[PDB]
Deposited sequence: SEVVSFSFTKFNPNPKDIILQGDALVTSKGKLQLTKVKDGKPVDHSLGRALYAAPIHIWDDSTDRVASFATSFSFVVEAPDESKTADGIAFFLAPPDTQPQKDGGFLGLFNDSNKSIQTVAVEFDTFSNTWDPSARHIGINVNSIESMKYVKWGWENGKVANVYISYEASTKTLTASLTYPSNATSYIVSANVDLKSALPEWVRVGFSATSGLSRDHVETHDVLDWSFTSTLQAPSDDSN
């Protein structure tokens, strides 16, 4: 069996165990700023991602086993205007050599691709439900399951995600401690059919393709563990 875990209570400004992609950087104060901010204001057309350095072994063809994992993190999405926001932030798993894919509504994750994501989606695209939502996405920008999400501007959101290999159940929840409000969604997801044996895990985010649809996507901490047995 092979267990792997890590925790950051904040991020190091030059983080060698984190692969930063696109616009992503860590601030002096240790926030993982996925999308660009200039003079303290979020900018449009931005895409950033961050992956943990070590690959994770999520299934093994030889032994026919699948990993179980769990992760928590908290994040903030702040927009200068509440009524126009885009595009969102996601936690994801993809092949180890994964690179940024399409910006805007594609969240840096998908395009016209093996990636499973839990998305916190702030803009209704042609493929989306009408309301902001938390979605579970398997190799598509279209979610197989979602829950309507009452996004709170600038408030810290706490997230817990777990995957139980014995039942193929992926569950994601979000809670705003400021008003004790929570949301949850689950799905049956076969990681062996969706992903390769080894993946990297992390975050992706994009700001809108227009000046009036901008927001930040900052991650404040992160813990992860996975066991393959």
| query | finding |
| --- | --- |
| Sequence ranges absent from the coordinates, based on the deposited chain and numbered from 1 | 113-116, 234-240 |
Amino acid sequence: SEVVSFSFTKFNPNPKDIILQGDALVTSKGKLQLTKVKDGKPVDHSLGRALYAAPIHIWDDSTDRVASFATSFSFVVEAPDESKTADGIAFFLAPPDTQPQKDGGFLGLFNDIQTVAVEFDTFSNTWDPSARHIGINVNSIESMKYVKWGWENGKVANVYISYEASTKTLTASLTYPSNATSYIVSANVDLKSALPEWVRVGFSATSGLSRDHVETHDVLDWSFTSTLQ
From here on, numbers count along this sequence of modelled residues.
property	result
Stretch exceeding the other in mean C-alpha B-factor - 84-92, 125-133	125-133
Residue stretch of maximal mean CA temperature factor, 63-71 vs 161-169	63-71
CA B-factor ranking of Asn12, expressed as a third of its chain	highest
Where the record places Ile56 (Cα B-factor, split into thirds across the chain)	middle
Ranked against its chain, the third holding the CA B-factor of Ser1	highest
Among modelled residues of the same chain, the CA temperature factor third for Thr181	middle
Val201, C-alpha B-factor rank within chain (lowest, middle or highest third)	lowest
